[PDB]
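>>> as a preliminary step, the opening chains of the complex are given here in situ:
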Amino acid sequence: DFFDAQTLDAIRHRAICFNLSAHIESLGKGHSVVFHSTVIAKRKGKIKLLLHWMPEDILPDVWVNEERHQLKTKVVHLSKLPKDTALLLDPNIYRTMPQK
Amino acid sequence: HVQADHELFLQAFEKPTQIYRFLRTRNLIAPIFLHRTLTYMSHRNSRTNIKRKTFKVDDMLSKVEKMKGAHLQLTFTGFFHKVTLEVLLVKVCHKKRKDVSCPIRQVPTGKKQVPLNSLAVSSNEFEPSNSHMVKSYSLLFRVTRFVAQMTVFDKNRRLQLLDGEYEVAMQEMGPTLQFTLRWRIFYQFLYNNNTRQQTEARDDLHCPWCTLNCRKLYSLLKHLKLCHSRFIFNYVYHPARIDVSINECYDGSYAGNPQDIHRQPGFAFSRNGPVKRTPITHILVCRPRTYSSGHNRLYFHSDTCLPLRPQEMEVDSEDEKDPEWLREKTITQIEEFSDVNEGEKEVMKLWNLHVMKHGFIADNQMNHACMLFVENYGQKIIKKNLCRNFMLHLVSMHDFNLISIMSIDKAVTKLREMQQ
Amino acid sequence: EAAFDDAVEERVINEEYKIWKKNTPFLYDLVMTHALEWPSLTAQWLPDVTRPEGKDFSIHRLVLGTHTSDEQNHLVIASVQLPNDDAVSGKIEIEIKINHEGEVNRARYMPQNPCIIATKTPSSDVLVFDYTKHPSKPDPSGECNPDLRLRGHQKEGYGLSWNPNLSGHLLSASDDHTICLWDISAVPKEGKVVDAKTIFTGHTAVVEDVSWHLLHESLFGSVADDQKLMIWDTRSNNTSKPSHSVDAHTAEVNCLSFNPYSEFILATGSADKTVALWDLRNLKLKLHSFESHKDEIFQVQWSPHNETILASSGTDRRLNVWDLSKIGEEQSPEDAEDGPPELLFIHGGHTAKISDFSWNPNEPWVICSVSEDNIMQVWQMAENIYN
C-alpha cells in the first residue's frame, strides 16, 4: 500500500527520461552517467579546446589539450559528480520539504 | 502460460524494481546510511582507528601552514557565418537562504561594430570584493543582425581560457565568432510456485539493481534480506541458487502520524506548522526482536466510523452514556401494551429512564434509589399528577420484599413536603 | 507541480524510513524511537543520573521545549531508561510539565546549577525557570509563573548560552541586530525582572548563534547571517568593534560550537551546505570545510567524551557525524563512493526537519534528536564502527 499508479506512472516516466538522457542501464552498467562532449570553442601558442557536455549544464565547460578523441564519451559515477549541481537529473532526488 | 498472468507477474515485478531503481540513484547521490558502518558489511572499509591514537587537534594548523608554504583587452574579430557585438560580465553569486535562484548580474561593457562573412579595455574591473560572494565570472558576447557565455573565472580564482586569438560558437534565442583575449549466483523467481523465469548472475556479487561491490556472499544475502523487503530470498548451494518470492504481507502504511491521511484532500502532509499525535515508544535493540509501547495507528468511531482525531481520545470516551435508541425502544415497547393506562405508562418510562441513567443491581441500594427519584423527577410528576401511580409502583416493589415500608413513608413525606 | 513532487517525495521518504526500520538492528547498540504529543525545537541531556544497583538499566533526564498552535505550551523535563551493558525493555516517562509563555525556540541549563534553565520566547522577554521551586504538575488556568524574567531585546531569536565559569552570566541573541548579556547573580530574590546588563551590536544582519568560550570567561564567539563570524572580547569597553571579525562562510551562518577538550579549535555550520573547522589563533585561514550535507545546517555539537568527533544536522533529514582524525586519509574507491573518509555516520532515521540534537555527558557515543514532526529519537552507534 501507499504506492498507487499516480506516483508510479510519474516515477516510470521520469526514470525512462533519465535513462534516455544518460544511458545508465545500456552503457553506464547501472552505476555511471555517460556524458558526451561537444565542440564549444577553441583557442590557439598552445592550442586548447573548451567543450560543453550533452545532457545539461550541470558540469562546467571543461578545457582540454591536444586527449580530444578520448573525451568523446566519458563515464562517471553519480557520487563523483559535484553535490551542489547533481539534482537537475530528477528534481525529486532531494527537495526541501516545508519550503519555508 | 497465458498472457494474463504473465503480464500480472510482469507488473508485480515492475513496480518494486522501479521503486528500487529510483532508490538506487537516490542512495548513491543521497545515501541514507553508510554501508561501511554495517556490522555484516565492513569489508568495504579500508582503515582502522590507529591514527586516532596519535592525533592532536592543536597541531593541525601548522600542517595547513606548510600547505600555504588584469588589463583585460578583449579584441573582437570577423565572424564566420553565411555584425556588431557587445561584451558583458556575468557575475553568478552563491545561493542565499531566502532565495532559491542564484544571484545573477549582467554588466554590459559596451557595443562595437565588427565585420562578418574593435576592442574593449577592462583595467581590473572584476568587482569580486574578496568577500566570498562571487562564485563565478563569465564573459557573455551579445550580437544581433547568436549569444553565448563562457566561464572565465574558475572556482579557485584560476584562469580557464588561454590568451591570444580564439573563436567560440553561439546559439540564438558553422556559425561562430572570433576574438582575442589578453590578460556465479542465479536468481530463481517463483510466483504461485511456478518457475516463471530462470537466470544467471552476470557479475560475481555486484547487486542486480542496487549495484554495490560487496566481496562476500553472506553480506549480499543479508542485504537482500533486510533491504528490498518486498521480496523474500532463500539460498542453497546448488550451481549459486537464489529463490526470489513476493512478500504478500507487507507493512505498507504511513509509518508516522497517520491522522493526516484522512484530511480533506487525499493524503495531505501537515509539514508547515505543528500537529498533535498520540505518544509511542518503539525499541528494537538494547544489547544485540521489537517492542512497541503506546498507540501509533489511526482509529475510527464506533457508530459513525468517521476518523478519530488524536486530540479527543481519552476525553469523551465513547460506549458510555448508553444510547438513545434503547430509550426509544423502552418507550415504544411499553406504549405498544394495550391494557395499561396513561399515567402508569408515564411512571413506567420515568422509572426506566431513572434506572438506566443510574444502574442499580444491589438490593439495599434500592432503598436509596427511590430517594433519588423524588430528588430527580419529583418536579416532573407534580407537572403530570403521577403521585398515586408512583406510590402504587412503590408498593409493587415492596411486594417483592426489596424495600421496607417506613422508607416508603419517608420517601412520600419528603416528596410531598417539597410539593407544597 | 510542486505539490505532486512533495507527495511523491513523501512516499519515497516513507519507503526509506521502512528500509531504515528494517536495517537498523545491525548499526546501533541502542535505538528508542519515541513520538511526543507536541513537537520539540530543543533537546538536552542533563548531568544528573540514577543507577539502581538491583536493576540493569540506568535513568537519565532530558530538557525539552515545545512548539504548539492554539494550545498551551508545556516545557518538559522528561526521563529515559538506558540499558548500560546488558539486556529489551525501557520506556519514556514525562516527569514535570511547566506552562511556558508562548512557544519555545531555545533552552539551556546552567552547568553550575543544573536546576536553573534559561529559555527563549517568541517575544523579546526571555525567561529563566527553576523547576525545584515549581510544582510537579502544570496549572490548568494557563497563567505561567515565570521565576526570573529577562528583557533587553526587541524581537525573537535562537541564540542562548550560559557561561560555564562565571555564575549568572547568560548570553542571548535576537534578529533585531542585538546580543544581550545578563548576570542574574546580582539581583536580590525579590527582583523577578532584570534589565539588560549589557547589549552588544556590531553585526549588520540577523544574528543566529552565540556561545561563551569555555576555558576563557573574558570573551565569547558569535555568527550571523551577514556571512560573518565575530569573536567578542569582554574586557574591552567598546560594544561595536569585536576582538576578531571574519567572513568565514559564503552564505548565512547558522550555528557554532567550541571544543570541550581543546580551547582554541571551534566548528561552525552554515547555510551554504557546509560545516567548517576554525582555530582561535589564526582565524584568517579556513582549515577545512566538510561538505556532505546538502541543505541549511541548524545545529552542531562537539562530543563530550571525545575530542576529534563532530556532529551536524539540518533540514536534509539526515544527521551527519564526522571524525577529525580520519581527515585527508586515503581509502578504497568503493569506500569513497558512499562518502568522504572523515564522514563517520549518517543517521537518516528521521522523516522531517531535524530540529535539534544533543549529547549525553556521561555515556559513550549516544545522542538524542528531536524533529518537527513529533519525533524524538535516541541512539548509540555500534562498538564495531569506532572501536
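Nice, I can see it. Numbers count the residues shown, from 1 in each chain, chains lettered A, B, ... in the order given.

>>> and chain A, which residues reach chain B?
Residues of chain A found near chain B (Cβ under 8 Å from any Cβ of the partner chain) are A:1-3, A:8, A:11-12, A:15, A:18, A:24, A:29-31, A:39-46, A:48, A:50, A:60-61, A:63, A:77-79, A:81, A:83, A:86, A:89-90, A:93-94, A:97-98, A:100. (Each C-beta comes from the backbone N, C-alpha and C, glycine too.)

>>> OK, contacts around residue B:337?
Counting by Cβ atoms under 8 Å, 6 or more residues apart in numbering or on different chains, residue B:337 makes contact with residue B:345.

>>> swap that for residue B:292, please
Residue B:292 neighbours (Cβ under 8 Å, 6+ apart): B:280-283.

>>> which of those residues are close to chain C?
Answer for those near chain C (Cβ under 8 Å from any Cβ): B:280-283.

>>> looking at the residues of chain A next to chain B, which are in strands?
A:39-43, A:48, A:50, A:63 (DSSP state E).

>>> wait, is residue B:314 part of a strand?
No: if the criterion is DSSP: H, G, I helix; E, B strand; the rest coil, then residue B:314 is coil and not within a strand.

>>> check the burial of it by counting its neighbours.
By other Cβ atoms under 10 Å in any protein chain shown, the residues close to residue B:314 number 7.

>>> repeat for residue C:3
By other Cβ under 10 Å, neighbour count at residue C:3 equals 10.

>>> where does it fall, secondary structure wise?
helix C:2-23 (DSSP states H and E).

>>> for that helix, output the C-alpha coordinates as PDB.
Provided in PDB are the C-alpha atoms of helix C:2-23 (Å, rounded to 0.1, in the frame of the first residue of the first chain):
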ATOM      1  CA  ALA C   2       5.300  21.300  -6.500                       C
ATOM      2  CA  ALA C   3       2.500  19.500  -4.600                       C
ATOM      3  CA  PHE C   4       2.900  16.300  -6.600                       C
ATOM      4  CA  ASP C   5       6.700  16.500  -6.200                       C
ATOM      5  CA  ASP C   6       6.300  16.900  -2.400                       C
ATOM      6  CA  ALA C   7       3.800  14.000  -2.300                       C
ATOM      7  CA  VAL C   8       6.000  11.500  -4.200                       C
ATOM      8  CA  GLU C   9       9.000  12.700  -2.200                       C
ATOM      9  CA  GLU C  10       7.000  11.900   1.000                       C
ATOM     10  CA  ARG C  11       6.200   8.400  -0.500                       C
ATOM     11  CA  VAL C  12       9.900   7.900  -1.100                       C
ATOM     12  CA  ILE C  13      10.800   9.200   2.400                       C
ATOM     13  CA  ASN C  14       8.300   6.700   3.800                       C
ATOM     14  CA  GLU C  15       9.900   3.900   1.800                       C
ATOM     15  CA  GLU C  16      13.400   4.900   3.000                       C
ATOM     16  CA  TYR C  17      12.000   5.000   6.600                       C
ATOM     17  CA  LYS C  18      10.700   1.500   6.200                       C
ATOM     18  CA  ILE C  19      14.100   0.400   4.900                       C
ATOM     19  CA  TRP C  20      15.800   2.100   7.800                       C
ATOM     20  CA  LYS C  21      13.400   0.400  10.300                       C
ATOM     21  CA  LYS C  22      14.300  -3.000   8.600                       C
ATOM     22  CA  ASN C  23      18.100  -2.400   8.600                       C
END
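
>>> same structure, new chain, call it chain D:
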Amino acid sequence: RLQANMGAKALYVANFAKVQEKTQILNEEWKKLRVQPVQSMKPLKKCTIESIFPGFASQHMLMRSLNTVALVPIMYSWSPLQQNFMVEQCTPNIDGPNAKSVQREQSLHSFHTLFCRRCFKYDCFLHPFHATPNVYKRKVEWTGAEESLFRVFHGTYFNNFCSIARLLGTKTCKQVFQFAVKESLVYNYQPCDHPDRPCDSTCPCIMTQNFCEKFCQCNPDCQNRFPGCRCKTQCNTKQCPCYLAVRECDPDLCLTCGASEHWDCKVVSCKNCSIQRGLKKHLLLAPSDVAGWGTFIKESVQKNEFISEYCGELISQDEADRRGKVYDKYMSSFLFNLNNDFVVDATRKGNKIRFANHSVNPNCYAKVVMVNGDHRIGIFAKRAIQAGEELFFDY
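With chain D now in place:
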C-alpha cells in the same frame, strides 16, 4: 370497490398543481444564483471518444489523475450495546377522572406481571416470562380510586390506621377506621416454584446442574443455594468459593470482600465484580493487519486482567443455525456459543470486542460467568498486553 378513481384523479391534479407551484418558486430561487461555467485545460495517458453517427470527429483528450485515498475493510451497519438482548376489565388510571373500584390482585396485575426481579425494570430484553405470582406473597366521601388505595394500603399494613392516615394525608385516621368497620364481610438459570416442598430432584435447578440463588423462592435453609464468598482480599484466585464454580461475586452476600460499597468510585478491593459495576477498559476500533477490522486497547493491563464482556442477541440453537446459514453469503460469522439453551448472535448489535479475529497464537480469552443468573461472557487477558496491541481469542 372502485369508488376512488375520480378521487384519485382529483388528488393527482392537486398534486400536479402543488408540485407546479413548488417548481415555480424553486425556479425563482434558482434565478438569483450566478455561477461560473466549466473551463477545460489546453490539450501520461489519453482518452478518445469516437462517434457512430458520421459527421462528428473523434474527440481526444489527455487524462488527468485523481488523488488516491486510504481504503478500509467492509463493515455492515450495527449499533452499540451494554446489556444482552432477546428476540422471540380495562382498569382505568388512578389519577384520571373515570377511575373505578378494583381489588388488590387485579389492580396490580399489569405491574407484577411486567415487573422483573433480576433487573428492576418493566419488560426488559432478557426475561420473557415471570415465574409465578406467589413470589410476592407474604405471611365521608370515598371514590373507587380511594377504595382501591385503601384496599392495597390495608393489605400491606393489615389495619394500621395511623400509618394510612400519615401516608394519605387528606384522609384521617377516624374516617379510615369508620370505613374499615363497614368493609368486612451448561443450562440457563430459571427460578422455580416449590415453596411447600423442599429442593428435591423434581426441581429444575438440580436438573440444570446449577446452584440456586436468592431469586428462587425456595426454603432459605436449603443447601443447593450458593452462598457468596468470604475472602477479605480481591478473591481473584482459585481458593475463593465463587471462583471454583463459574459464578462471579454477589452484591449482597459477599460482604467480606466489600462489594456492597458505593459504586460512584472505582478504587475497590473486590477484583471480580467488574461485570456488575462495568469497569471495562476503553477499547478502540482500528483496521487489523490480519483480516479486516480489529479492536485495540488503550491502557496497559496484566495477566488475567478484566478487558471487557461480549454482548449480543440471545437466541436458540436452531435460530443461530439459520442465522449462520443466511450470513454464509455475507461470510461474517461473529457468533459465540454460550450454552446448550441459548447462544449469542452479535452481527447486528454488539461492542468493539466483537471485531477481534482468530489466530493460532492468541493473547486474550473468554469465559462464561453466571452473574445473578444471567450467563454473561467475560473477555480477559491471557498475557501481559501493552497499549495499542491487537486482541485475539479463539471462538
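
>>> please re-evaluate the neighbour count of residue B:314 in the presence of chain D.
With other Cβ under 10 Å as criterion, residue B:314 counts 10.

>>> cool, the one 4 residues further on as well?
Other residues near residue B:318 number 17, with proximity taken as other Cβ under 10 Å.

>>> kindly report the residues of the stretch 251-400 of chain B close to chain A.
B:252-254, B:269, B:271-272.

>>> what's in contact with the helix holding residue C:3?
Against helix C:2-23 from outside (Cβ under 8 Å, 6+ apart): A:2-3, A:7, A:10-11, A:91-92, A:95, A:97, A:99, B:19, B:22-23, B:26-27, B:32-33, B:38, B:226-227, B:229, B:251, B:254-256, B:267, B:269, B:271, B:284, C:317, C:348-349, C:351.

>>> buried among the residues you listed? Make that a PyMOL selection.
Here is the PyMOL selection string for the buried members of the contacts of helix C:2-23, based on 16 or more other Cβ atoms under 10 Å in any protein chain shown:
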select buried, (chain A and resi 2+3+7+10+11+92+97) or (chain B and resi 19+22+23+26+27+32+33+38+226+227+229+254+255+256+267+269+271+284) or (chain C and resi 317+348+349+351)
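
>>> report the entries of the contacts of helix C:2-23 that also contact chain D.
B:251, B:267.

>>> among the contacts of helix C:2-23, which are in helices?
Judged by DSSP state H, helices contain the following of the contacts of helix C:2-23: A:7, A:10-11, B:19, B:22-23, B:26-27, B:226.

>>> turn the residues you listed into JSON lines, columns for distance to chain C.
Converted to JSON lines, the ones in helices among the contacts of helix C:2-23 look like this (distance: Cβ to the nearest Cβ, whole Å):
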{"residue": "A:7", "distance to chain C": "5"}
{"residue": "A:10", "distance to chain C": "6"}
{"residue": "A:11", "distance to chain C": "7"}
{"residue": "B:19", "distance to chain C": "6"}
{"residue": "B:22", "distance to chain C": "7"}
{"residue": "B:23", "distance to chain C": "7"}
{"residue": "B:26", "distance to chain C": "7"}
{"residue": "B:27", "distance to chain C": "8"}
{"residue": "B:226", "distance to chain C": "5"}
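
>>> now the two most distant members of those.
Within the ones in helices among the contacts of helix C:2-23, A:10 and B:226 form the most distant pair, 27.9 Å apart (Cβ to Cβ).

>>> ok, the longest strand seen in chain C: who's next to it in the sheet?
In terms of residue count, the longest strand belonging to chain C (DSSP E) is strand C:73-83. Here strand C:73-83 is paired, per DSSP bridges, with strand C:57-64 (antiparallel), strand C:92-100 (antiparallel).

>>> make CSV from the ones you listed and add mean neighbour count and distance to residue D:250 to it.
Below are the strands paired with strand C:73-83 laid out as CSV (neighbours: other Cβ atoms under 10 Å in any protein chain shown; distance: least, Cβ to Cβ, whole Å):
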stretch, mean neighbour count, distance to residue D:250
strand C:57-64, 20, 45
strand C:92-100, 18, 40
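
>>> extend the structure above with chain E:
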Amino acid sequence: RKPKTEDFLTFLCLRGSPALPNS
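Chain E, in position alongside the others:
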C-alpha cells in the same frame, strides 16, 4: 540460463516504455 539478471530488469524497468533497451 541465457537470459541474465540485468537484462531482465532493464526490459522490466521500462515495462514496454520506449527506452529502446536492446529488445
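
>>> quick recheck of the contacts of residue B:292 now chain E is there?
So residue B:292 contacts B:280-283, D:386, D:388 (Cβ under 8 Å, 6+ apart).

>>> and stretch C:176-189, end to end?
In stretch C:176-189, first residue to last residue: 30 Å (Cα to Cα, to the nearest Å).

>>> correction: the previous question concerned stretch D:324-339.
17 Å.

>>> list of residues touching that stretch?
So stretch D:324-339 is contacted by D:76, D:186-188, D:310, D:312, D:314, D:320, D:323, D:343-347, D:350, D:354, D:366, D:368, D:375, D:377, D:395 (Cβ under 8 Å, 6+ apart).

>>> stretch D:160-169 now?
Contact with stretch D:160-169 is made by B:391, B:405, B:408-409, B:412-413, B:416, D:149-150, D:153-154, D:157, D:171-173, D:176-177, D:180, as judged by Cβ under 8 Å, 6+ apart.

>>> quick check, residue D:74 in contact with residue D:287.
No: the pair residue D:74 and residue D:287 does not pass the contact test of Cβ atoms under 8 Å, sitting 10.9 Å apart.

>>> in terms of neighbours, single out the busier of those two.
residue D:287 (19 against 9).

>>> tell me which element the closest residue to chain C within chain D falls in.
Using Cβ to the nearest Cβ, the point where chain D gets nearest to chain C is residue D:67, with a distance of 8.4 Å. Of the helices and strands defined by DSSP H and E, none includes residue D:67.

>>> around it, how many other residues sit close by?
Around residue D:67 there are 13 residues (other Cβ under 10 Å).

>>> list the contacts for it?
A:6, B:265-267.

>>> weed out the non-buried ones from those residues.
A:6, B:267.

>>> what's the neighbour count on the residue lying closest to residue B:51 once chain neighbours are set aside?
Distances taken as Cβ to Cβ, 6 or more residues apart in numbering or on different chains place residue C:325 nearest to residue B:51, at 5.3 Å, with adjacent residues excluded. Look at residue C:325: counted by other Cβ under 10 Å, it has 20 neighbours.

>>> ramachandran angles for residue C:325?
Residue C:325 adopts backbone torsions of phi -70, psi -30, taken as degrees, to the nearest 10.

>>> tell me the spacing between it and residue B:49.
Taking Cβ to Cβ, to the nearest Å as the measure, residue C:325 falls 8 Å from residue B:49.

>>> got it, and residue B:199?
Taken as Cβ to Cβ, the span from residue B:199 to residue B:49 is 42 Å.

>>> try residue E:14
Counting by Cβ to Cβ - residue E:14 and residue B:49 are separated by 46 Å.

>>> show me which of the two is the more surrounded one.
Taking neighbours as other Cβ under 10 Å, residue E:14 and residue B:49 compare with residue E:14 leading, 20 against 13.
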